[PDB]
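The data below hold one chain only, encoded as structure tokens and taken in the form deposited in one PDB entry.
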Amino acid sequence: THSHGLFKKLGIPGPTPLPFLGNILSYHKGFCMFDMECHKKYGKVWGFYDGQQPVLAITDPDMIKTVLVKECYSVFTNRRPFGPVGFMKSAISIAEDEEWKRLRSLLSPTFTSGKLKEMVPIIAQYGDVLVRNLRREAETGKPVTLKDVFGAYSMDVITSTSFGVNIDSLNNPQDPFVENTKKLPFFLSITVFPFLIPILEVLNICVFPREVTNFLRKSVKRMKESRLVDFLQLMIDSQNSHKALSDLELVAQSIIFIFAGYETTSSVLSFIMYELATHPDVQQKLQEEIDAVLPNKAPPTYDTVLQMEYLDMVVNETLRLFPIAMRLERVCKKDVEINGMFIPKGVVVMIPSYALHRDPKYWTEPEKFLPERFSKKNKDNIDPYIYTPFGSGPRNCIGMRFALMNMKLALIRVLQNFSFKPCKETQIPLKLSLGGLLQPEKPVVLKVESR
């Protein structure tokens, strides 16, 4: 301190920071709105300060590719640290440098296409649970809260695809597992006071409610020593050139996968159903495609899901509008130059995906939900370093193909059986949480009718 002269020195523009707070008061309307304003106010690069922490936003695609792919191992290896994390330091998305590289290797084969194909039957079964739970509300002409019913399904897939546990968490009961996973303003104080992280790490306050972590640490070792197709097994089989996965490390990845696949899968489904309800022609076109590929509500398979091109377009265009990461970030670990621009050590480089996905300079009518932008005709004109809903380079979303498959199997089975209509209580137009997550302000409620 005061680092608040850094961008002024390098001649990079940006909004003037306030002492101690940097630019964070500018987050009051949300990260996303701030990034769009900076994009329009300042052009291709700009800097700002989370507290004392310099953040350099970059929007040039070549420069993005340099940061995410070309210089990843050498410079831009880690994300911005947050805490306190406790033992979750060993989790893949949080770990750093060689320890992350290791964990990436031990977990990468778990997410192959081949392994994903063997997970489809198990992921198929809970699609049926999803329909029946939906019908009980469709037969009772009462509006439905999608996040609840989609969460129940996403919850259902996680416990099965990661541990073998099998529940209908929606109704079926207070089964011992649904509840510790229920615990599925503090994080802002971190940024003005990031020097308090090591404080909280010697105090063992875990952002992961220390009890849940205590529940699964023992829960895993119950499962481990009971067996001795799912993620736990795929990881246990792995610990049988890198030191094998420890027993606590395995747990920490389990936790990351539960987090990853719960509110992401559920929220993206809710975003998709909102678009399909408020664009009835897309919904019908999708329903026809599904009936053409799977006549008589034939059960979807891995191969038939990959066959559905309009399904893919609907999914991709939704992710354009609602990229739930909002931003991609890498810590600069060395003095470097990329594409004719100096970057000093310790700067956080940030790619503002939300802003890039809704930038008129690449997207016509960016606010409109228009699946055709992803027609095999048009999909080729889309810069992969502008549309980046799963990141890019060695540190992109490891769960990407699982998550696309998991969501699509849900949609297919659901669209075979129901149509989705707006209720008077639907928020139209949907608004984003002014807060820190990409979620709707009010939850998505829609009318559900049986075909």
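Rigid core here is just the name for the largest C-alpha set that superposes within 1.5 Å across the two forms. Numbers for residues come from their place in the sequence shown, where the first is 1. Residues that one form lacks are left out of the comparison.
- When the other compared entries with both flanking residues are checked, residue 330 is modelled in all of them, not unmodelled in a third.
- Of the other entries compared for this protein that flank it with modelled residues, all give atoms for residue 192, so not even a third lack it.
- Unmodelled stretch separating residue 184 from residue 185: 4 to 9 residues (count of deposited-sequence residues without coordinates).
- Missing coordinates between residue 228 and residue 229 amount to 4 to 9 residues of the deposited sequence.
- Mean CA B-factor, 137-145 versus 111-119: the higher value falls on 137-145.
- Stretches 34-42 and 416-424 differ in mean C-alpha B factor, with the higher average recorded for 416-424.
- Of the candidates 345, 368, 104, 379, the one whose C-alpha carries the top B factor in the deposited record is 379.
- As recorded in the PDB entry, 177 shows the highest C-alpha B-factor of the residues 177, 322, 374, 76.
- Among the modelled residues of its chain, residue 168 has a C-alpha B-factor that falls in the highest third according to the deposited record.
- Among all modelled residues in this chain, the alpha-carbon of residue 436 has a temperature factor (C-alpha) in the middle third.
- For residue 159, the recorded CA temperature factor ranks within the highest third of the chain's modelled residues.
- Sort the chain's modelled residues by C-alpha temperature factor and residue 22 lands in the lowest third, per the entry.
- The deposited CA B-factor of residue 329 belongs to the lowest third of values across its chain.
If you look for the form deposited in another entry, you will not find it shown, but the lines that follow are about it.
- Of the residues listed here (325, 207, 131, 94), only one shifts its CA by 2 angstroms or more between this form and the one not shown after fitting on the rigid core, and it is 207.
- Once the rigid core is overlaid between this form and the one not shown, residue 164 does not reach a Cα shift of 2 Å, moving by less than that.
- Core-superposed comparison between this form and the one not shown: the CA of residue 85 exceeds or equals a 2 Å shift.
- Listed in sequence order, the runs of at least 3 residues with C-alpha movement of 2 Å or more between this form and the one not shown, after fitting the core, are 83-85, 206-211.
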